[PDB]
Each structure stands twice: as C-alpha cells, then as structure tokens.
Ligand SMILES: [Fe+3]
Ligand SMILES: [Fe+3]
C-alpha cells in the first residue's frame, strides 16, 4: 500500500476538483481513497510518499506514437515530407534494426517518456512483421512497467497509383533500399490474433493488443472490416491513420472518412490518427459515429503536413487525445512540450489567444486521451476505483515560478523535466527522477550503447547520419 | 587571467560554419584569444581548464527582444487574451503595482531562467523605466549577475485617440483593474534617456548598453522617432521599435507602419524592428532595402493570438533576423531552445514544407544572426578569435538527445532546454554544472518562494485575478 | 386570435453617429420619404417596458409574454442592455437582441458584437440573439460557451442581401 501525502491534487474528475494539501491512498494497483488533510487522517500505508509542495496529476497518456523509430532521430530524419521520410528513413531504418536494437529502442523511449510523465503509450507497431521484434519489445514493456496499447499495424493491398512519385523520392537516397511490408490478409489476421492471444492482458493487465489497419488505401475493405469486428468481439479498439497527407486525400474520389462511411467502417471503437486533410463534412462524419481521435500536432508540423482542425472537434465534444507520434518525427517524447505546441499552433493559425484553454489541453493529455483510447473507466483521472497511474510534478523551479493557475503554468511554462515521481498501476517506476528500470549508475553507459547501435543501424541501412551543414 | 575550454566539440558559427571535434578555446581578459584542434595543436597554458569532454560548445544564445520585469505576472493572470486586452488588463497595471524591490527579484528570476537555458545576451525592452527607482534596481542586478544586456528604454509621447471605445470595452473585462498611462512629453523622454545612457552605457565592464526605444509608430511622434534615430547614429548604437504586432496597428494613417516610416526616412541600418506579423511583400522589400534588423517573437505571436510573421521570406533575402522570447508573461518561458523548436515547427506547418527552415538556420538565428540583429556581430555570436567569450557548454548525454549525430537537428528538435551545463559571459563563469554564481543552490528555493510571494502581492495590489476558475471551453 | 405570443418590446437609447453620411445617401434614393427617429431615454424605455410587462405578461390565459429587446449593440447603451439582462433573470423570461445582421454592424468599437457583449458580461443563457450572419468561429464559440439561444432568419438574410449564417 502506498500513501501520497500533502500534495495538491489536480484530479481531472467530473467536477475538475483541485484539492489543496490532500492525499491519495493506493492499494493493489488502484486508487482506493482520497482526502483533505485538514478534515481526515489518511489510512495507514506501508509507505508514504511526501508530495509536500508538489502537484499530483493523473499520468499523461500518449494517444498515438511509434516507438522503435526513436533510434533514427538525431540527424537522419528531418527536413522531409511524409512520403520522403517514410521511404528513405522509416522503412529502411526499421528494417535494419535487429531484435536486440529494438529492445534498446524501447527502453530508451520508455526512459524519456516516464521522465516526462507519460504512463500510458499507444504504440503503433509498424515493424511487428519482423521475426523476434514482438518478443524483444514486449519483454522490455513488461519489465519497465508502462501501460501499453500495442497496436499491430498491417498492410494488405498495393496502392499502385503512387509509384512514379516513390521512385523519384527514392532517388534522393538511391543507396537506401526500397522495402515492402505487405502481407496477405489471412496471414495478417492469424499473426494479430496469435499476438493478441499471447500478450493481451499480460504484465498484470498493463499490456493490450489492438488491430491497426494502416490506412484506407493500404488495407482492403475486408481487412478493415475484420479489424472492426475484432475490436467489437474482444472489447478493444481498432485504429487507422487518416488523411495525414495530400496524396491520401483521394481514395477513389472521396475522402477517407467518406470512403469509410460508405462501407460502415466508422464506429465508436475506431480511433483515427492525424486528420490534417479534413474538411467540415469529414468532422461531421466522425462526430456522428463517435469516432475517437489522436492528434499529432508536433509531427504534423515536423513533416510539413499541416494543422488538423482540433478546435472544431473539441467544440463538438469529441474525444481528442494528444500523440507525440514517431520518435523520429517530433523528435522528442515530451508531453508537456507537445501540449505547449498544441496551445500555440492553434492560437496562431486562428489568431485567437483563447482558442483552447490550458485546462482543455491538459484534459487532452489526460482524461480525454483516456477516452480516445476507450480506457476512461480505468485511467486518466484521480478518482476512487481507477488505476493508480499518477505523477508528481515540482513547480519550484525558475521557469515555473510564479505559479497560481496550475494548468497555465504547466502548459505555458514547464519544460518537461519537472516530473519527479511516477506511479503506474500503483508501482513506483520513477522516484526523484531515478528510474527503476534504468538506474543512475547504468544510465550513461546505456545511452552510449543506444548511440552506438543507432550509428550501426544507419551504416547497415546506408543512411546518412550527419548531413553537411546547410543554411538554406 | 586565463581560461581554457578543452576537448569539446566546437560549433563555431563562424564564416565557414566550422564544427570542430575534440577542440579547445583559450580565453583571456573577456576575449577569445585562440582556438584549435587537439590533434593538431596544444592549447596554451591557462590558470584554469574547463573539461568539456563529451560536450558541445556553442556561442551563447542571444535573446533579441524581450521584456523582463513582466515575468512576475505569469502563472495564471496573463494567458487567453489578444494583445490589447493583455496590455491594458495585465501588463500596464501589473507593472505599475511593482515596487523597485519587486523589480530586483523579477530581474534575478529572469536571469536565472535565461542563463540556465544558455542565454547570455538579453535585449531588454524596458516599458517600466518611467517609474522612480526601477532603473537603479534593475541595473544593479544585471551588473551583479554578469549577463550581457541591451537596455532599450521605451517611450511614448503621443496619444493614439482612435482606439478609445475599444479600450473601454476591453477594460470592462477586468473593471477593478485600473487603466493607466505612461505617456511623457517628448523633451522629458529625451532628457531621461540621455541621462540613463550617460550614467549606464558601457558600465559593468562593457556588458551593459543603452538604446532608445520609441514604442510604436502610433505612440511616438515623428520628432521622437527622428531623435531616436539620430541618437543611435551619434552614439554608435541601435534604436528599436515595435512594428505591426496587431491588426489595429496596421493602419497608421492609411499605409503600413513600414511605409509610414519610409515616407519620413525612418528606416535605416541601425533600426531593429520587433514583430512584423501584419506585414506584406512590400513591407519586407522596404526593410530589406534599408538593411533594417528584425527580431521575431514567434512564441508570443502565437500566445497573444497575433499570428505568424513572414520569417522565411526575410531569411531568404539575407536579412538579419534574430529570435526574441518576448515578455516573461507572453510566452511564458525564457527558453531559447524551446522557442527554436517552435520557430522550426510553426513555419513548417503553415507552409506545409518540412524544409522551410533548416535547424542550422534556426541555430544561426539564435546566435550569429541574432548578434547581427543587435548590431553586435563584430563582438559576439560566434566562436572566433577577437570576439567576446560568451560561450555555453551543452551535454547531449541525456535520453531526449540520444541519439545525436547532426548537432543542430539534435538541439532544435530534441533538446528541452535543460541540457546547458556551463555558461561563460565575457569570460566569467556565470553557471557551472547548472550551479548559478548569482543564485547558489542553498538559496534557490527560498528565492523562488520570495518571487512567488511577491507576485501574489503584486497581483493583490493591482486587483488582478491570479487563478481563474477552471474553464474547459 | 388565440396565438401564443412573445411580445419582445424593442428599444433604442443611443445614437449611432458613425453611419450618418451613408444614411443621407441612402435617403436620397427616396428623398420624398421622411427620415425617422425612435430613440428614447433609457429611463423612459425601462418604465414603459416594465409597465407593459406588468399589464400584459401572462394575460390571455398565459398565452402572451413580454420580453425586453434592446435593438442592437450599437443602438443601446451598456446600461440598457444590462437592465434587459437583469430584467429577464428577475422575471424568468428572456431578453433578445439583433446581432451582426449587416457588414456595418460588424464593428462596434473594433471587435464583433459578440466580443463586445462578452467584455461586458452580456452573454448568458437567457439571451436570444437574432441573425448572426457576420459571424466568425470565435463568435460562435462565445455564444456556445454561454449557452446563448439563436434565431436564424434564413430567408430574410437572403432577401436583404445580407448573406448566410
Ligand atoms: Fe503516425
Ligand atoms: Fe514585445
């Protein structure tokens, strides 16, 4: 049992209560009780965590990300439109990674993520097809203690239209191999079903498995319908990348949202990612079927895609979470940095300093994010009965001083290093910035290994790591 | 007295943009005296050696336009408001309620944040210099801290009567907060600024400079702007003005502020303009023609709902565009690395062009081009012989900055702003292993509590709401 | 007749001087038709509307109701709008105003009428606004936030060449 005491609790509960000098009691992975110190004595606990002078929040929820690609950041990944990045960087880089590289990628990602207060990660696994990768990744997620949705991507249909464009893009890095990860529909089903049977609900309920048809052009109608029915039969969600680029825009003369509507493929268990190339009608169609959304505001900028209509969706009460997207289209895994970006980009583009409140941005990173993953009954707020995914932030630093309104301070001032202590499913995963799965005496050597492995991955893939200085 | 920084990777920002692995820098009497590569040359003897092994050495970051004292108004009171709403309901009244002893604490807090993020030069646009005691309080702290400072003394000498019914409506949003005026007579502004320059310009070993700062083209007379212009020329400094930050500035007398200034011969190579959001192609051509310097406040232009300035166009014309963090309470951080990432992304998003500004270019804007925007590029902004020793040491051995191959990309797209370890300004160690010379670790927490209290009290005296009720929509 | 009727009594208590040279030009289209004024002093509008409400509100078997109706945000003072707002609250009715029907209404003092009303706390759940043609995304958000009611005059917005809300 664990008692967190004397903090300010930012509950994100139904009344958005903010409780000064208050406590939380945790038992068997759950929040069992809460109270105010002046009115009540906290129950006895095996241990007390002192949060005096600190702010307690629900853990941040990364609503859509791609983990293993983190080893491709730091030089190779920037300055390219989506498809250029995909074909010259992501596909070949992923392919050159071995299972032992994956294990290091995952631990590096989880170290950055937990340090920034992320406790749930929706991993869209585009490299699950390669032998050994699932097993390597899953062993590290389990050990680390993070809550993970492992959304297994598949592609079962050739999009032949885009080929002369692809060859031109490939000529930018001709020594880098063009890859294919297409699989037959029935093979994808069997592989995802077996993955779910083996890993879903493992690591004490912390790991889930979803089917992830990649896009409306890369997956057949049958494949998407299978994913849809699978989500329904197993009480999970299914997810798809929607309208991330201007070449996706026209699946057969209508938008991807329209196309899915025609086939009855929009439902309340679908979470779509991106939605940059969206019009009013598309928003209406998602709204009507209660589709969940993950917005990758930073990555949409990094890749030169654009700006999604998040304010419109939010004003319709839609469940919109925030994803950091790829470890190499951001290039950080920092929810607080992404929140600030979500606040500012929309203000700038609408010329409206009040287009999204910092409270609302904080909601997107917590309780609404949970809702976007279909997990809001279990996580995303500090409420009795929910899982004990909790973070303690210290605002006593120069950047976060002064602080009066907590959501404003967090969104507009915090850098992302203010998170001290992190609980996931009631287990202490970080304490005073010390990571339980990467102790301080191993941290530097681990980073050097990740650095070396990245350098080697890029050599095997024939990718340029450090292009010559260019001002224009 | 001498200092040797050894075994770092030097990101010089010099004329060839040299990046020198396992290299050294020798510092003497506030100046970079020599550099070299360890494998080809032995460093000169020095009184002390700073070991930068495994670290990256950069020129110090340059904050090309900011407002310091306002930092005590962040944390609740300042967000969610268009420029004029923010100005009249927050900034003016908040500043007015601050006493000199509050100003001293504001300045130290700002400098602590700034130095911790690698900022070594600050262009402080002082909008509260009119209040007795404020200059002296601020200057003593800047001096003690060791930071390089341009103190640009803002003035307003003309009523802009057009915007009054708009102002009253805006004031009704916070009716208990007092409307207040900082207008002065032209001649009084001139005398005050001249005296401030005579007393403080070149002080603190040359670290402190004084510029005149006519506020805007509507708040200052032609005569006031011409005086500022001539003053800059006679004293070999710059003058600065806020340009086209909002859609209500846009029309000084039926043309843009740039056109208006052109008409009166007020665009010249010693002018540094701030903002330039409401700018068209012609305005950019006019600034370009006269070699006007520009400070872009990309983050604040978003925060205040103003928009996005045409930075790519200016940069492609070779113009000197620096990056400013702007107000301590329209950002609301003082973090150059965070703002660089925002500069990189906002423009990519708006142009739908992932390559619209390279991370190298963004790093140039924060260093050598920033120096150029202040007219100080002969003295600072690059690691070159003869220039001042304003240098920062970054450690990239953290999760977020791993892996790292291309340094500018890593810094711009991965660094959070806490990776700066050690900071030199004018050759003096102002920060070492994150320990601040002017705010030692055993005083830090108590100082932050005092800033917090003083802020709470400032807001009470001004009748400003600190912590508005939770609002989702 | 037996119809259910809300009688929203319009008033105007403030001169909008800005639009006068425009008005004279318009008047020259029919110069023999006289230019009229229906302005009243604030206190007179209040007394008249109060007396009308006391006399007719709830009559004809509850079929007739009386609301105050400040005409627009440029033709009524802040004090007049606030009185209407409080009157609606005290008597459990609504108040109503014409909003942003034309491109010359658009700028009450350098912001939209919705913004102007928000500044003074004049958007609430008992307000019903009419028209909303010259409205942007921010205006819609402001109304939504305060649960303002809306009447849309789609045919008339066409007939008069205003546009489409
Ligand atoms: Fe994605
Ligand atoms: Fe400014």
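Chains as they are written, first to last, in the entry's author numbering: chain B, 3 to 474; chain A, 2 to 474; chain E, 146 to 310. Using N, Cα and C, we set each Cβ at its ideal position, and we do this for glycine too.
{"Query": "Contact set for residue 306 of chain A: own chain, Cβ-Cβ below 7 Å, skip 5 residues either direction", "Result": "83"}
{"Query": "Alpha-carbon spacing of residue 368 of chain B relative to residue 48 of chain B, whole angstroms", "Result": "28 Å"}
{"Query": "Residue 352 of chain B: contacting residues in chain E (beta-carbon distance under 8 Å)", "Result": "282 and 283"}
{"Query": "Cross-chain neighbours of residue 347 of chain A in chain B, by beta carbon under 8 Å", "Result": "303, 346, 347 and 350"}
{"Query": "Of the residues A/381, A/456 and A/438, the one placed nearest residue 123 of chain A, counting alpha carbons only", "Result": "A/381"}
{"Query": "Start-end ranges of the beta strand (DSSP E) lying completely within the segment 248–289 of chain E, minimum 3 residues", "Result": "272–276"}
{"Query": "Inter-residue CB distance, residue 404 of chain A and residue 447 of chain B (contact presumed, cutoff 8 Å)", "Result": "With a Cβ gap of about 15 Å, residue 404 of chain A and residue 447 of chain B do not count as contacting."}
{"Query": "Neighbour flag for residue 174 of chain A against chain E, beta carbons, 8 Å", "Result": "yes"}
{"Query": "8 Å contact criterion, which residue 24 of chain A and residue 38 of chain A should meet: CB distance rounded", "Result": "5 Å"}
{"Query": "Rounded C-alpha distance that separates residue 192 of chain A from residue 221 of chain A", "Result": "16 Å"}
{"Query": "Test: residue 276 of chain A CB closer than 8 Å to a CB of chain B", "Result": "no"}
{"Query": "Buried or exposed (CB count within 10 angstroms, at least 16 for buried), residue 402 of chain B", "Result": "buried"}
{"Query": "Chain-order list of residues whose beta-carbon lies under 8 Å from that of residue 137 of chain B (same chain, five-residue window excluded)", "Result": "101"}
{"Query": "Supposed contact pair residue 297 of chain B and residue 335 of chain B - C-beta distance, whole angstroms, cut 8 Å", "Result": "Actually they are not in contact, since the Cβ atoms of residue 335 of chain B and residue 297 of chain B sit about 16 Å apart, beyond 8 Å."}
{"Query": "Which of helix, strand or coil DSSP assigns to residue 217 of chain A", "Result": "coil"}
{"Query": "CB of residue 432 of chain B within 8 Å of CB of residue 117 of chain B, strictly", "Result": "yes"}
{"Query": "The segment 415–429 of chain A / the segment 381–396 of chain A touching (three or more Cβ pairs under 8 Å)", "Result": "yes"}
{"Query": "8 Å Cβ cut-off: residues of chain B touching residue 336 of chain A", "Result": "401 and 417"}
{"Query": "Buried or exposed by the 16-neighbour rule on C-beta atoms within 10 Å, applied to residue 134 of chain A", "Result": "exposed"}
{"Query": "Burial state of residue 283 of chain A (16 or more Cβ within 10 Å)", "Result": "exposed"}
{"Query": "Near ligand 4: residue 275 of chain A beta-carbon under 7 Å from a heavy atom", "Result": "Ligand 4 is not among the ligands present in this structure, which contains only ligand 1 and ligand 2."}
{"Query": "Inter-residue Cα distance where the pair is residue 175 of chain A and residue 361 of chain B", "Result": "21 Å"}
{"Query": "C-beta contact flag for residue 153 of chain B and residue 125 of chain B at 8 Å", "Result": "yes"}
{"Query": "Straight-line Cα distance separating residue 8 of chain A from residue 358 of chain B", "Result": "47 Å"}
{"Query": "Contact with chain A by residue 213 of chain B, beta-carbon distance below 8 Å", "Result": "no"}
{"Query": "Spatially closest choice to residue 317 of chain A from A/332, A/286, A/299 and A/132, by CA coordinates", "Result": "A/286"}
{"Query": "Any non-hydrogen atom of ligand 1 closer than 7 Å to residue 535 of chain B Cβ", "Result": "Nothing can be reported for residue 535 of chain B, as the shown portion of chain B is limited to 3 through 474."}
{"Query": "In DSSP terms, what residue 56 of chain B is bridged to", "Result": "B/396"}
{"Query": "Exposure label - residue 450 of chain B; buried when at least 16 CB within 10 Å", "Result": "exposed"}
{"Query": "DSSP state of residue 204 of chain B mapped onto helix, strand, coil", "Result": "coil"}
{"Query": "Distance cut-off 7 Å: residue 298 of chain B Cβ against heavy atoms of ligand 1", "Result": "yes"}
{"Query": "Within-8 Å CB hit, residue 232 of chain A to chain B", "Result": "no"}
{"Query": "Under 8 Å between C-beta atoms of residue 243 of chain B and residue 275 of chain B", "Result": "yes"}
{"Query": "With 16 other Cβ atoms within 10 Å as the buried cut-off, status of residue 127 of chain A", "Result": "buried"}
{"Query": "Backbone secondary structure at residue 152 of chain E - three-state DSSP", "Result": "strand"}
{"Query": "Any non-hydrogen atom of ligand 1 closer than 7 Å to residue 243 of chain B Cβ", "Result": "yes"}
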